[PDB]
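File shown: my_file-v1.cif. Contents: mmCIF, C-alpha atoms.
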data_coords
loop_
_atom_site.label_atom_id
_atom_site.label_comp_id
_atom_site.auth_asym_id
_atom_site.auth_seq_id
_atom_site.Cartn_x
_atom_site.Cartn_y
_atom_site.Cartn_z
CA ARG A 1841 54.96 -3.09 -13.49
CA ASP A 1842 55.31 -6.31 -15.51
CA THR A 1843 54.18 -8.29 -12.49
CA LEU A 1844 51.08 -6.09 -12.31
CA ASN A 1845 50.33 -7.00 -15.92
CA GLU A 1846 50.83 -10.61 -14.83
CA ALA A 1847 48.28 -10.01 -12.07
CA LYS A 1848 45.80 -8.60 -14.58
CA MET A 1849 46.15 -11.55 -16.94
CA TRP A 1850 45.59 -14.02 -14.08
CA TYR A 1851 42.44 -12.26 -12.87
CA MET A 1852 41.17 -12.00 -16.44
CA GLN A 1853 41.68 -15.75 -16.82
CA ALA A 1854 39.63 -16.27 -13.65
CA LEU A 1855 36.88 -14.01 -15.03
CA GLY A 1856 37.04 -16.07 -18.22
CA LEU A 1857 36.31 -19.17 -16.16
CA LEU A 1858 33.39 -17.52 -14.37
CA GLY A 1859 31.96 -15.80 -17.44
CA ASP A 1860 28.96 -13.46 -17.38
CA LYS A 1861 27.86 -12.16 -13.99
CA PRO A 1862 24.30 -13.44 -13.35
CA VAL A 1863 21.86 -10.56 -12.99
CA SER A 1864 19.72 -11.23 -9.93
CA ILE A 1865 16.07 -10.65 -10.76
CA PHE A 1866 13.96 -8.57 -8.40
CA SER A 1867 10.92 -7.89 -10.58
CA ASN A 1868 9.50 -11.34 -10.24
CA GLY A 1869 6.45 -13.56 -10.16
CA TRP A 1870 6.95 -13.54 -6.38
CA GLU A 1871 3.81 -12.11 -4.91
CA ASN A 1872 3.91 -11.14 -1.25
CA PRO A 1873 2.04 -14.03 0.37
CA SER A 1874 0.41 -14.48 3.74
CA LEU A 1875 2.41 -16.59 6.18
CA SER A 1876 -0.72 -18.70 6.59
CA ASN A 1877 -0.85 -18.96 2.80
CA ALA A 1878 2.89 -19.61 2.49
CA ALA A 1879 2.87 -22.54 4.92
CA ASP A 1880 -0.04 -24.61 3.65
CA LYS A 1881 0.30 -28.39 3.90
CA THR A 1882 -1.29 -28.73 0.45
CA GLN A 1883 1.48 -26.46 -0.87
CA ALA A 1884 4.09 -29.12 -0.05
CA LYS A 1885 1.83 -32.10 -0.83
CA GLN A 1886 1.20 -30.87 -4.38
CA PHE A 1887 4.91 -30.09 -4.79
CA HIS A 1888 6.15 -33.55 -3.84
CA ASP A 1889 3.21 -35.09 -5.71
CA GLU B 340 -17.73 15.09 -16.41
CA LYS B 341 -17.46 18.62 -15.03
CA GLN B 342 -14.78 17.81 -12.47
CA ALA B 343 -14.54 15.05 -9.91
CA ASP B 344 -10.92 13.78 -9.94
CA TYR B 345 -8.34 11.88 -11.87
CA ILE B 346 -8.17 8.20 -10.97
CA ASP B 347 -5.04 6.18 -11.76
CA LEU B 348 -4.31 2.48 -11.60
CA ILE B 349 -0.72 1.72 -10.63
CA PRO B 350 0.14 -1.99 -10.85
CA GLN B 351 2.33 -3.05 -7.95
CA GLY B 352 2.94 -6.38 -9.67
CA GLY B 353 1.16 -9.68 -10.13
CA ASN B 354 -2.44 -9.33 -8.84
CA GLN B 355 -1.48 -6.26 -6.76
CA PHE B 356 -2.73 -2.80 -7.69
CA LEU B 357 -3.01 0.67 -6.23
CA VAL B 358 -5.35 3.61 -6.82
CA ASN B 359 -4.12 7.19 -6.64
CA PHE B 360 -6.76 9.90 -6.79
CA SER B 361 -7.29 13.55 -5.91
CA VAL B 362 -10.91 14.66 -5.67
CA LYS B 363 -11.71 18.31 -6.34
CA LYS B 364 -14.95 19.18 -4.49
CA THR B 365 -14.86 17.70 -0.97
CA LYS B 366 -17.57 19.60 0.90
CA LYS B 367 -20.80 17.65 0.98
CA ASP B 368 -20.95 14.15 2.50
CA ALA B 369 -18.58 11.22 3.05
CA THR B 370 -18.70 8.47 5.69
CA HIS B 371 -16.44 5.46 4.94
CA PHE B 372 -16.28 5.92 1.19
CA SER B 373 -16.36 3.10 -1.35
CA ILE B 374 -14.59 2.07 -4.55
CA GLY B 375 -16.57 0.55 -7.42
CA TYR B 376 -15.54 -2.09 -9.95
CA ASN B 377 -17.14 -3.05 -13.32
CA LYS B 378 -19.65 -0.18 -12.66
CA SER B 379 -22.09 -2.38 -10.71
CA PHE B 380 -20.32 -4.68 -8.23
CA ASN B 381 -17.30 -5.25 -5.93
CA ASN B 382 -17.04 -2.63 -3.27
CA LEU B 383 -13.27 -2.98 -3.33
CA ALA B 384 -12.16 -1.11 -0.20
CA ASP B 385 -14.51 0.16 2.50
CA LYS B 386 -11.98 0.65 5.29
CA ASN B 387 -11.41 4.42 5.44
CA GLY B 388 -12.43 6.42 8.47
CA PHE B 389 -11.32 9.46 6.51
CA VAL B 390 -12.89 12.00 4.15
CA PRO B 391 -10.58 13.00 1.26
CA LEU B 392 -9.66 16.66 0.83
CA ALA B 393 -9.55 19.17 -2.00
CA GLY B 394 -6.59 19.01 -4.36
CA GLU B 395 -4.65 16.43 -2.36
CA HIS B 396 -2.98 13.23 -3.53
CA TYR B 397 -4.19 9.98 -1.98
CA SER B 398 -3.38 6.29 -2.30
CA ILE B 399 -5.28 3.10 -1.51
CA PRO B 400 -4.34 -0.49 -2.44
CA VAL B 401 -6.54 -3.19 -3.92
CA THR B 402 -5.78 -6.71 -5.14
CA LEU B 403 -7.38 -7.67 -8.45
CA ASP B 404 -6.71 -9.90 -11.45
CA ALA B 405 -5.19 -8.91 -14.76
CA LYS B 406 -7.71 -11.13 -16.56
CA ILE B 407 -10.67 -8.82 -15.98
CA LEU B 408 -8.23 -5.94 -16.52
CA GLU B 409 -7.65 -7.35 -20.02
CA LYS B 410 -11.28 -6.49 -20.69
CA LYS B 411 -12.66 -3.01 -20.04
CA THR B 412 -13.23 -2.90 -16.27
CA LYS B 413 -15.20 0.13 -15.09
CA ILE B 414 -13.64 1.07 -11.75
CA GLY B 415 -15.57 3.71 -9.83
CA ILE B 416 -15.20 5.52 -6.53
CA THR B 417 -18.10 6.25 -4.18
CA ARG B 418 -17.88 9.00 -1.56
CA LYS B 419 -20.52 7.46 0.66
CA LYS B 420 -23.67 9.42 1.44
CA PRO B 421 -24.24 8.49 5.11
CA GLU B 422 -27.10 6.04 5.50
CA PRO B 423 -27.98 5.31 1.78
CA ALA B 424 -25.22 5.16 -0.87
CA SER B 425 -24.63 2.93 -3.85
CA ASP B 426 -24.30 5.44 -6.72
CA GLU B 427 -26.57 8.26 -5.43
CA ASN B 428 -23.71 10.62 -4.51
CA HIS B 429 -21.52 12.77 -6.71
CA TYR B 430 -20.29 9.64 -8.48
CA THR B 431 -17.47 9.16 -10.96
CA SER B 432 -15.64 6.20 -12.49
CA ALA B 433 -13.24 5.10 -15.23
CA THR B 434 -12.66 1.93 -17.22
CA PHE B 435 -9.17 0.52 -17.66
CA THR B 436 -7.69 -1.61 -20.42
CA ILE B 437 -4.46 -3.59 -20.64
CA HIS B 438 -3.02 -5.37 -23.68
CA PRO B 439 0.62 -6.49 -23.65
CA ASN B 440 3.53 -5.81 -26.02
CA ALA B 441 2.46 -2.54 -27.64
CA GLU B 442 4.10 0.86 -28.42
CA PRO B 443 7.55 0.43 -26.84
CA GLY B 444 9.01 3.76 -27.85
CA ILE B 445 7.35 6.57 -25.91
CA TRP B 446 8.47 5.22 -22.53
CA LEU B 447 12.02 4.67 -23.68
CA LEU B 448 12.86 8.30 -24.41
CA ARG B 449 12.24 9.06 -20.74
CA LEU B 450 14.64 6.23 -19.92
CA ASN B 451 17.12 7.81 -22.34
CA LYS B 452 16.83 11.19 -20.62
CA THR B 453 17.25 9.81 -17.12
CA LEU B 454 20.13 7.51 -18.10
CA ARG B 455 22.12 10.25 -19.87
CA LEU B 456 21.42 12.55 -16.93
CA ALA B 457 22.39 9.84 -14.43
CA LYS B 458 25.72 9.09 -16.11
CA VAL B 459 26.39 12.82 -16.35
CA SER B 460 25.40 13.89 -12.84
CA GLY B 461 27.30 11.02 -11.22
CA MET B 462 24.22 10.12 -9.19
CA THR B 463 22.79 6.60 -9.37
CA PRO B 464 20.01 6.03 -11.97
CA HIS B 465 17.51 5.37 -9.20
CA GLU B 466 18.21 8.62 -7.38
CA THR B 467 18.06 10.74 -10.54
CA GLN B 468 14.54 9.63 -11.43
CA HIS B 469 13.82 9.92 -7.70
CA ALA B 470 14.91 13.58 -7.95
CA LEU B 471 12.81 14.45 -11.01
CA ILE B 472 9.47 16.24 -10.65
CA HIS B 473 6.64 15.27 -13.01
CA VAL B 474 3.44 17.22 -13.59
CA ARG B 475 1.12 16.46 -16.54
CA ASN B 476 1.69 19.90 -18.10
CA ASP B 477 5.27 20.26 -16.81
CA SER B 478 7.57 20.99 -19.73
CA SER B 479 10.82 19.03 -19.80
CA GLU B 480 12.62 22.38 -19.95
CA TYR B 481 11.22 23.18 -16.51
CA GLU B 482 12.04 19.67 -15.29
CA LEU B 483 15.63 20.09 -16.51
CA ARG B 484 15.74 23.50 -14.82
CA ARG B 485 14.50 22.02 -11.56
#
Give the structure from the file, written as structure tokens.
Amino acid sequence: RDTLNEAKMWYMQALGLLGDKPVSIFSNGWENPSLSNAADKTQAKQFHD
Amino acid sequence: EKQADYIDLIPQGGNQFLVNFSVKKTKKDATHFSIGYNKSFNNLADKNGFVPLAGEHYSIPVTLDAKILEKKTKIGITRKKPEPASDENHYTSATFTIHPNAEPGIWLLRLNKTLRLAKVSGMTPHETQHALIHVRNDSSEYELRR
């Protein structure tokens, strides 16, 4: 029993290191693009520019 | 005016929309029907080889901008009279207006109902709203009963 409370305090310390679980967004500015539109050469040129 | 249909915009997301409609009187004439926009321009979707039917829900996508939607944009639908048709049929329309960050409350009571009911029923909050039936005159007593 006491070693299970030990287990709980270790995992709670690990959760204290990690913190708040990041909520993954799904409602997003991601439109659904065309594969022709997604792979434009200008789309990487402007990015690295 | 007397009765044509209800027409509903349903925003899929950024620059992606959808039109649900259910036309009442479907007897006369339709060959590859049209959808108007700003009352005078933009045949939005002429791709149907189908004539809509009486009292039946439909769905057809269209991609627009929210910038014109910020103004009043008069979206019509045009059951196409066979050789000539621009607006000469039994025509109807609607305008549509968006303006952000306004009246937060009236949506949130529905979220309250489905979240209490989802925690209670043990079902996930998606599947509880997925298992609720909504009609415009459906009382929430009858929805609870169902």
ask   = So how many Å separate CA of residue 353 in chain B and CA of residue 415 in chain B, to one decimal?
value =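 A separation of 21.4 Å between them.
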message = Ranking A:1864, A:1872, A:1853, A:1843 by minimum distance to chain B and counting all atoms listed in the file, which one comes first?
response =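 Residue with the minimum atom-to-atom distance to chain B: A:1872.
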request  = Could you please tell me, as an NGL selection string, which residues of chain B have an atom within 12 Å of chain A when using all atoms listed in the file?
outcome  = :B and (351-356 or 402)
inquiry  = At a cut-off of 12 Å, using only C-alpha atoms, what residues contact residue 424 in chain B? Leave out same-chain residues fewer than 4 positions from it and give the result as number ranges by chain.
reply    = B: 368-375, 382, 416-420, 428-430
How about saving the chosen residues, C-alpha atoms kept, as a PDB file, in the frame of the given file?
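Writing the result to selection_6.pdb gives the following:
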ATOM      1  CA  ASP B 368     -20.950  14.150   2.500  1.00  0.00           C
ATOM      2  CA  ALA B 369     -18.580  11.220   3.050  1.00  0.00           C
ATOM      3  CA  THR B 370     -18.700   8.470   5.690  1.00  0.00           C
ATOM      4  CA  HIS B 371     -16.440   5.460   4.940  1.00  0.00           C
ATOM      5  CA  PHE B 372     -16.280   5.920   1.190  1.00  0.00           C
ATOM      6  CA  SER B 373     -16.360   3.100  -1.350  1.00  0.00           C
ATOM      7  CA  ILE B 374     -14.590   2.070  -4.550  1.00  0.00           C
ATOM      8  CA  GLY B 375     -16.570   0.550  -7.420  1.00  0.00           C
ATOM      9  CA  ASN B 382     -17.040  -2.630  -3.270  1.00  0.00           C
ATOM     10  CA  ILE B 416     -15.200   5.520  -6.530  1.00  0.00           C
ATOM     11  CA  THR B 417     -18.100   6.250  -4.180  1.00  0.00           C
ATOM     12  CA  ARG B 418     -17.880   9.000  -1.560  1.00  0.00           C
ATOM     13  CA  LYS B 419     -20.520   7.460   0.660  1.00  0.00           C
ATOM     14  CA  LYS B 420     -23.670   9.420   1.440  1.00  0.00           C
ATOM     15  CA  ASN B 428     -23.710  10.620  -4.510  1.00  0.00           C
ATOM     16  CA  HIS B 429     -21.520  12.770  -6.710  1.00  0.00           C
ATOM     17  CA  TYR B 430     -20.290   9.640  -8.480  1.00  0.00           C
TER      18      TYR B 430
END
key: Near-range 391-395 of chain B list (9 Å; all atoms listed in the file; drop same-chain fewer than 5 positions) as a ChimeraX atom specification   = /B:344,360-366,369,418
remark   = Separating CA of residue 1873 in chain A from CA of residue 400 in chain B, to the nearest tenth of an Å, is a gap of 15.2 Å
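If you look at CA of residue 401 in chain B and CA of residue 1874 in chain A, they are 15.3 Å away from each other.
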message = Restricting the calculation to all atoms listed in the file: of B:411, B:390, B:455, B:465, which residue gets closest to residue 433 in chain B?
response =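 Under the stated criterion, the closest residue is B:411.
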ask   = If you apply the PyMOL selection byres ((chain B and resi 406) around 12) to this file, what residues do you get, as a PyMOL selection string?
value = chain B and resi 353-354+403-405+407-412+435-439
Could you take the residues named above and write them with C-alpha atoms, as a PDB file, in the coordinates of the input?
ATOM      1  CA  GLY B 353       1.160  -9.680 -10.130  1.00  0.00           C
ATOM      2  CA  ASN B 354      -2.440  -9.330  -8.840  1.00  0.00           C
ATOM      3  CA  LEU B 403      -7.380  -7.670  -8.450  1.00  0.00           C
ATOM      4  CA  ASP B 404      -6.710  -9.900 -11.450  1.00  0.00           C
ATOM      5  CA  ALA B 405      -5.190  -8.910 -14.760  1.00  0.00           C
ATOM      6  CA  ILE B 407     -10.670  -8.820 -15.980  1.00  0.00           C
ATOM      7  CA  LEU B 408      -8.230  -5.940 -16.520  1.00  0.00           C
ATOM      8  CA  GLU B 409      -7.650  -7.350 -20.020  1.00  0.00           C
ATOM      9  CA  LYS B 410     -11.280  -6.490 -20.690  1.00  0.00           C
ATOM     10  CA  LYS B 411     -12.660  -3.010 -20.040  1.00  0.00           C
ATOM     11  CA  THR B 412     -13.230  -2.900 -16.270  1.00  0.00           C
ATOM     12  CA  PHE B 435      -9.170   0.520 -17.660  1.00  0.00           C
ATOM     13  CA  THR B 436      -7.690  -1.610 -20.420  1.00  0.00           C
ATOM     14  CA  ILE B 437      -4.460  -3.590 -20.640  1.00  0.00           C
ATOM     15  CA  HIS B 438      -3.020  -5.370 -23.680  1.00  0.00           C
ATOM     16  CA  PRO B 439       0.620  -6.490 -23.650  1.00  0.00           C
TER      17      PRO B 439
END
Taking all atoms of range 1853-1863 of chain A that the file lists and extending 8 Å past them on each side, where is the centre of the axis-aligned box and how long are its edges? Answer in Å to one decimal, as lines of an AutoDock Vina configuration file.
center_x = 31.8
center_y = -14.9
center_z = -15.6
size_x = 35.8
size_y = 24.6
size_z = 21.2
